[PDB]
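Take a look at the letters that make up each chain.
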Amino acid sequence: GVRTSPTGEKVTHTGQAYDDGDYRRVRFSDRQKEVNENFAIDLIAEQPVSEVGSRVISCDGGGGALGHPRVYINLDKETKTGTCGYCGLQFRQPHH
Amino acid sequence: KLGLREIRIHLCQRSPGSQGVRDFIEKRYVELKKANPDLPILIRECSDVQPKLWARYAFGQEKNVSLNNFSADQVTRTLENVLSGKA
Amino acid sequence: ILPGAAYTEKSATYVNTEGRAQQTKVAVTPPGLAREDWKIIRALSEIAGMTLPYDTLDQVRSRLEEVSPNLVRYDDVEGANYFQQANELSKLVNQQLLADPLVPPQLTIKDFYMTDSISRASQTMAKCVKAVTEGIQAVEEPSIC
Amino acid sequence: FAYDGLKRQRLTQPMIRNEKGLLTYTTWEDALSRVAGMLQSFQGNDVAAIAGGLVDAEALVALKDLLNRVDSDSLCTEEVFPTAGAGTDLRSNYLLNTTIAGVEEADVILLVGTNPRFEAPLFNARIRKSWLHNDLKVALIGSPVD
Amino acid sequence: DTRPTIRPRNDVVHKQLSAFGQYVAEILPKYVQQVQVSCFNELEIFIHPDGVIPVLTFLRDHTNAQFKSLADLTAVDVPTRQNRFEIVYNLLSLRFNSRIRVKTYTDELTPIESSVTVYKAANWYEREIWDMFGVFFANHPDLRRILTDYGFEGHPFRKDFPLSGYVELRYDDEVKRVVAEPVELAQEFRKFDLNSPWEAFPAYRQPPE
Amino acid sequence: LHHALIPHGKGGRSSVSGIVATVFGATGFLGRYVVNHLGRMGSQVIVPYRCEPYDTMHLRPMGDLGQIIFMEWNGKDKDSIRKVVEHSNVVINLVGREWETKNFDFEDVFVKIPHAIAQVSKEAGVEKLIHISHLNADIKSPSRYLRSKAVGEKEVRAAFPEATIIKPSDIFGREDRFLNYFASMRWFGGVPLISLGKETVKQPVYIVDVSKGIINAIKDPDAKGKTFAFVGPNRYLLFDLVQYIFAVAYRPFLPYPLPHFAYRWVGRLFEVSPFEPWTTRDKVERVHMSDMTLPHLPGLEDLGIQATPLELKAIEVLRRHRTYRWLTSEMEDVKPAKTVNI
Amino acid sequence: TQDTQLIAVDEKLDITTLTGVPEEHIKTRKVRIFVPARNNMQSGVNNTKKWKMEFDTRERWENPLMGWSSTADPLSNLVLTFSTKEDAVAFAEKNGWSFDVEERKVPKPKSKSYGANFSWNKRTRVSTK
Amino acid sequence: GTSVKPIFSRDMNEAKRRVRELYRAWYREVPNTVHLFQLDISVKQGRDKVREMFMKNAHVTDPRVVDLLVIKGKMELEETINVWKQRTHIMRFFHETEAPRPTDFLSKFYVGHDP
Ligand SMILES: NC(=O)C1=CN([C@@H]2O[C@H](COP(=O)(O)OP(=O)(O)OC[C@H]3O[C@@H](n4cnc5c(N)ncnc54)[C@H](OP(=O)(O)O)[C@@H]3O)[C@@H](O)[C@H]2O)C=CC1
Ligand SMILES: [Zn+2]
């Protein structure tokens, strides 16, 4: 999901937006400040959180060798859901 | 103008040239500062520096005079002359 | 307003509490139109009329040499003495001591944090202020990535 | 952790009072002329200067010689000192005479009206090491801060 | 080597080159200082500057050496030495299929007798070295810039010479021909201090000092 | 000032000077050197163009990447100027043709277009504006050129009370069509001049002096409102002009006295040409009429600009027109014409 | 030492006129040398064994089109290796660079006694290893 | 010892000679340089642009450095005889297009953090 700056130009995923008083914007005139529509902020939150029944899980990122290097994440903190830093998808204990 | 504002008596803690001015401040200092409460007597003791007297006048004036190998009596003589020209 | 320069943006000399001269060197250029603090004054002196003789860093460095030889020997300390004269020079009308108890301005972690302008401007340092004054709830950032 | 402070509330360009008395960015020319115009016309105690708590020595020399040529000796400082007696005259009056390395050979230390644990954290680490290995005794006169 | 990772050795050649290393040493004791053969069978002769032309003559002429091929001319610059530039030659003997290395040292100002007479191949290798490093040799036929730009001042390969150079050029329409200006990069060379802070080779470590 | 606008760098190709230039009609002599100096010190330049982009490509190697942006624009369409001058700091007007075309008349390019460029720039809110009008701008002048400059100068002055109007006297340079004009005259037999050109004194100025004076006016904080007149360093008679330039070309000068009306007629037949005209009746009056002196108006030296002598820079143009017999001849061989300077 | 029409030219070497670095970069460049300090999170003191030559950091402005750190001083990334400090200053004199020297901060030779970690009266005993 | 081996100039006198025939070749070179090289600068500014470079190096006392420079002087000299260089190559000596460098303290303060 992409928002729109008050000046009428779409904001990028990093949140950068050209100021209305800025002079370097004119590079966008007769051109476009194209923005990747698939926001990584909005492309990972809706992925389901898994419910594996184990203390420690190896996350590979899918595809085996094609995924990120295997990382042994931990699921003991009941308030927080475990996650792999490489991928960002969620992991969770079986409701304990 | 050309009036005294402060002095800057630079000297060395070990140089024999600074020994004479060092002979001056062991005992003949409390009467000098008490005589000039407004005049601050700055002692910048940096090693391996021949003793230098720096009298700062008004209007951004600052005259210097030599104290190399000036014994206790004679260092008092030259600095009193600067004191004598307080204005 | 006269925009100067921070210590990281300045190649100049400070002195610690023990009278040892330590010189900092510029690592990042001062932002925007800000210039060197002493470069401002020398420019000010020229535009005012009482132009100072020194115009470069070494020339002003020689100026502290002739007004205070101590703070040019970098890392080299100078032995302080003549305490036998300083005490006898204090030795006077003997103003009394106030009954007010000795209370340091910095008593806890919180007031230790909030001292200078850079600390005042900083935000992450202010997060540490929230941490000590409140606890762990709000300041706990999720270390997901 | 102070680098973030160098990025917040940075003075970038000279600012002068506008027609309504509000600070507004301007070139160095107007700021230099305005200060110079109000400086050379004033003399004596009219012109003064207060140093900060983090100003470098070279700046202090710059004002010292600047107020030298305008007959100004009211170059004040934020820190206040009982100048009665030697004061500024004797550097041993205000210096850490024993040097910070001296604590590792001392026996007793008297902390008068200070919080070296917070005021000078690097200092307090040195007494802590001295108190740990050398069994150095300590005692302060002030609030029983940890 | 039963282990297939490390490189094998040719001890027969290593001693054989070492025998010839001392061979030259007695032949010209005035000029050689120390002769060393490295672990990987590379025997180097280290000769005095002023005796550059005789040793090269000896190796080209002597039957037991017969080194007649100037492989390469290099003057590797080390700022920590008094005379920085160490001029390194490179010879190949066809009849004994072996390589020799003779080298000297020379500061920025000391001139060397040009070895063009003893090796015609040195000619163009000489035009390059004075260009890149700045060490003038004496009585060269036409010693002159053959690598750098026409009128380019400064020897670029010197240690004090930045990799980005000092000037850059650009066409200008107001004068209708190209013109130079001080170098001002769009992107500076981001230096990468990637040297490991841990010792890598106990064998080559210098003695404590 | 704007946050991302503070000047930076040592005035180089990739440096930042803080000038968002908006030179109009840069595909000309004045525009070519103006964008050069702007690009040289390092400044964002927005160049609107109406002709083919191929002709505008020679301004591409004139600044760092992304500093020169070419934009399509039309004089009649108001919105065209708005797009060009929106993200701008200085908008300088260099548009104007020495001859008349069917779509654009003399008043159109010298009054109507300056009227539009001044109104939109002020409405947009640019801090500075520079307008170019002939130093001989006169409402009663016989040439429609100078009359158009005068009323056009008056309009931009009223619309933009802070505009710095520029008054060049007689520009000369490589592709200057001023001395190239008399240099090309040798093709048509002799050199036709009205009354032998003995009653006309001009004070030409070379390109870099007015060009550098433009940016110096941009950099000058007090240049707003003024009407700086850029004039040359020496005044010579019209006969002396043709005498000197033909001598530098070493072509045989053939003076030819002409009646005023016959020269006026000659411009008429040469204006018929559907392609770019060579001689126009308006050009007839301009070369006939003499340069005026305006001491009250500030000159070019006030901006720290030294007027380069014509004789010093005349060789830079005259080399192309001269033949092979004297192609390598230097400039000391020729002797500068009799100066009748004030 | 090698007598070949030797003349006693003992004046300080001045190769600046020959190397010809620009005037702004031969006078207005405070060349400073030290021994680099070991990175604290590392334990790699061996990197503190060599004298290093540096320069003064000049203006580093941001590129308008992207945002870079475009530099105007060619002597920005230039560092030089010296075995001893006298060689480092020797290069400075011949290349006429305004030189500054720091000293080698050798570590204090601290005394470590693991037996002191369990004492009878000394405070040095450790509450948890 | 500190004694060093000279190449050609044993002392100042012979070195002073060597800088003299550089002038001898250069002075008669500038006129036909402008003539042959299609240059638009006159001989007058050609002559003194050879001049000030002598004072550009009029501080060295070491005979070797003067000798190390005398070779380069005739190198650029020879490079000009046989048209090896191009117009821009010799124009690089004629500093013409760069912005003037600030000199007074007010100028560099107003320009930037350049010291
Ligand atoms: N002696 C002189 O010639 C003097 C001239 N001036 C004025 O200064 C300016 C200098 O122009 P110069 O650089 O020599 O270029 P030219 O006069 O050779 O050509 C006209 C310039 O303006 C543009 N232009 C022409 N007609 C139009 C139009 N109808 N709409 C928009 N742009 C147009 C041209 O590009 P394009 O054709 O692609 O649109 C070109 O950049 C002119 O206005 C000139 O009259 C002032 C004083 C003296
Ligand atoms: Zn993962």
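Residues numbered from 1 in each chain as written, not as in the entry; some residues may be left out. Chains lettered and ligands numbered in written order. Part of a larger assembly, values for the part shown. Heavy atoms only, no water.

- Method of determination, as given in the entry header: cryo-EM; reported resolution: 3.8 Å.

What to know about the interface of chain D and chain C
Piece 1. Contact with chain D, which involves 52 residues of that partner, is made by 65 residues of chain C.
Piece 2. It is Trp28(D), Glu58(D) and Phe118(D) that lose the most area in chain D upon contact with chain C, and together they represent 14% of the buried surface on that side.
Piece 3. Our count for the chain D to chain C interface comes out at three salt bridges.
Piece 4. Taken together, the elements giving at least two residues each to the side of chain D that touches chain C come down to α1 (28–39), α2 (57–68) and α3 (116–119) of chain D.
Piece 5. Examining the composition of the side of chain D that touches chain C, we find that eight residues originate from one element, α2(D), more than from any other.
Piece 6. Classifying every residue of the side of chain D that touches chain C gives 29 nonpolar, 14 polar and nine charged. (Contact = heavy atoms within 4.5 Å. Buried area = accessible area lost by both parts, 1.4 Å probe. Salt bridge = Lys/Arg side-chain N within 4 Å of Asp/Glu carboxyl O. Helix = DSSP H or I, 4+ residues; strand = E, 2+ residues; numbered from the N terminus. Nonpolar A, V, L, I, M, F, W, Y, C, P; charged D, E, K, R; others polar.)

Quick look at the sheet that holds strand β10 (residues 229–230) of chain F
Paired through backbone hydrogen bonds, the strands of a sheet run either parallel or antiparallel to each other.
All names here are of chain F.
Piece 1. In space, the four strands of this open sheet follow the order β3-β4-β5-β10, with parallel pairing throughout. The strands lining the two open edges of the sheet, one partner per strand, are β3 (90–93) and β10.
Piece 2. Across three bridges, the pairing between strand β4 (residues 128–132) and strand β5 (residues 164–168) is parallel. Bridge pairing links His 131 to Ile 165 in β5.
Piece 3. Against the sheet, helix α6 (residues 207–219) touches β3, β4, β5 and β10, its axis set at about 155 degrees to β4. (Pairing = 2+ DSSP bridges. Axes fitted to C-alpha atoms, helices over the stretch in contact; angles between N-to-C directions.)

A word on the packing of helix α2 (residues 78–85) of chain F against helix α3 (residues 106–124) of chain F
Residue and element names in this part refer to chain F.
Piece 1. Two numbers describe how α2 lies on α3: the axes approach to 10 Å, and their chain directions differ by 50 degrees. Relative to α3, α2 is oriented oblique. As α2 packs across α3, the resulting crossing turns out to be right-handed. For the pair formed by α2 and α3, the contact residues are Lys 78, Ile 81, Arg 82 and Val 85 on the first element and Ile 117, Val 120, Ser 121, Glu 123 and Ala 124 on the second. (Parallel < 35°, antiparallel > 145°, perpendicular 65-115°, else oblique. Left-handed = near helix turned anticlockwise from the far one by under 90°.)

Overview of a positive patch on the surface
Piece 1. On the surface, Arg126(D), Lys129(D), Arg38(G), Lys108(G), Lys110(G) and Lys112(G) cluster together into a positively charged patch.
Piece 2. For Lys129(D), the location among the structural elements is in helix α4 (residues 121–133). (Patch = residues over 30% accessible without salt bridge, like charges linked within 9 Å, V, L, I, M, F, W, Y side chains within 5 Å. Areas by Shrake-Rupley, 256 points an atom, 1.4 Å probe, with all protein chains shown as cover. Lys, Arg positive; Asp, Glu negative; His and termini not counted. Charge placed at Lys NZ, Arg CZ, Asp CG, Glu CD.)

Examining the site of ligand 1
All names here are of chain F.
Piece 1. Taken together, 24 residues lie around ligand 1, and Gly 25, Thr 27, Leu 30, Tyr 145 and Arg 177 are the ones closest in.
Piece 2. The side chain of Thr 27 places a nitrogen or oxygen atom 2.6 Å from an oxygen atom of ligand 1.
Piece 3. Notes on ligand 1: free accessible area 880 Å², of which the protein chains cover 90%.
Piece 4. Looking at the shell around ligand 1, the elements that each hand over two or more residues are α1 (29–41) and α3.
Piece 5. The dominant element in the shell around ligand 1, judged by the number of residues it contributes, is α1, at three residues.
Piece 6. Along the lines of polarity and charge, the residues of the shell around ligand 1 split into 14 nonpolar, six polar and four charged. (Near = heavy atom within 4 Å. Polar contact = N/O pair within 3.5 Å; in protein donor to acceptor, adjacent residues only side chain to side chain.)

Quick look at empty space enclosed by the protein
Piece 1. A complete count under the given rule lists eleven cavities of 30 Å³ or more for this structure.
Piece 2. Reported here for the largest cavity is a volume of approximately 150 Å³.
Piece 3. Taken together, 14 residues line the largest cavity, and the ones lying closest to its centre are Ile7(B), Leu32(B), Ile41(B), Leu53(B) and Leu79(B).
Piece 4. For the lining of the largest cavity, the secondary-structure elements that each account for two or more residues are β1 (6–11), α1 (19–25) and α3 (72–84) of chain B.
Piece 5. Of the residues forming the lining of the largest cavity, the biggest block, three residues, is contributed by α3(B).
Piece 6. Taken together, the residues of the lining of the largest cavity break down into 13 nonpolar, one polar and no charged.
Piece 7. Looking at the lining of the second largest cavity, the elements with two or more residues in it are β7 (191–194) and α9 (281–288) of chain F.
Piece 8. Tallying contributions element by element places β7(F) first for the lining of the second largest cavity, with three residues. (1 Å grid on protein atoms, 1.4 Å probe; cavity = no way out; pocket = protein on both sides within 12 Å on 5 of 7 lines; lining within 4 Å. Points joined across faces, edges and corners; volume = space filled by probe spheres on them.)

A short note on the coordination of the zinc ion (ligand 2)
Residues and elements named next belong to chain A.
Piece 1. On the protein side, the zinc ion (ligand 2) has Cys 59 (SG), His 68 (NE2), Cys 84 (SG) and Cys 87 (SG) as donor atoms, found 2.1 to 2.3 Å from it.
Piece 2. Seen from the zinc ion (ligand 2), its four donor atoms lie at angles of 91 to 125 degrees, and the figure they make is tetrahedral.
Piece 3. In terms of primary sequence, the donors binding the zinc ion (ligand 2) are separated according to C-x8-H-x15-C-x2-C. Here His 68 is found in the loop between β1 (56–59) and β2 (71–74), whereas its partner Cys 87 is found in the loop between β3 (82–83) and β4 (90–91), with 19 residues between them in sequence. (Donors = N, O, S within 2.8 Å, 3.2 Å for Na, K, Ca; no water. Tetrahedral: all angles 85-135°; square planar, octahedral: opposite > 155°, others 65-115°.)

Section: the pairing of β3(F)
On any regular strand, side chains alternate: one points to one face of the sheet, the next to the other face.
All names here are of chain F.
Piece 1. Residue alternation in β3 divides its side chains into two sets, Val 90 and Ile 92 and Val 91 and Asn 93, and both sets are buried.
Piece 2. Across four bridges, the pairing between β3 and β4 is parallel. Paired with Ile 92 across the bridge in β4 is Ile 130.
Piece 3. After leaving β3, the chain enters α3 and then returns to the sheet as β4, a path that is right-handed. (Buried < 20%, exposed > 50% of the residue type's maximum accessible area, 1.4 Å probe, protein only. Right-handed = clockwise from strand over helix to strand, strands pointing away.)

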